[PDB]
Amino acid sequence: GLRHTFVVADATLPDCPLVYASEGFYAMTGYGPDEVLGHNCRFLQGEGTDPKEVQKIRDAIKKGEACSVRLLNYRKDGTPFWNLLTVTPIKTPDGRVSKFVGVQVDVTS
């Protein structure tokens, strides 16, 4: 299988904080749950992250749509990796967005 990590963000809170992350997410990024849970995942961004790709995710989240972007991200120790990020909205039967799920793939290669 393709190596990847997975997270769940709560779309019922205004800033889409993370409520769950797979073990690989913590291992890959170097952050622990104490530093991650309850926070928006944007802490992974840094100097070289392309604001235009970030904008795409921001837009997809506001519209409740899925989106896939390639983003420069940084580990806790400050080292970079290329992240192919797919975000999927999870909707309740009334059509409202409850959760976003994110799949990260380290495509640094």
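Start at 1 and count along the sequence shown; that's the residue number.
Averaging only over Cα atoms, indicate whether 89-97 or 14-22 has the higher B-factor in the PDB entry. Result: 89-97.
With respect to the recorded C-alpha B factors, which stretch has the higher mean value, 76-84 or 53-61? According to the PDB entry, the answer is 53-61.
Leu2 - which third its CA temperature factor falls in, relative to the rest of the chain: As the PDB entry reports it, the C-alpha B-factor of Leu2 lands in the highest third of its chain.
Lowest, middle or highest third of the chain for the C-alpha temperature factor of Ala27? As the PDB entry reports it, the C-alpha B-factor of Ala27 lands in the lowest third of its chain.
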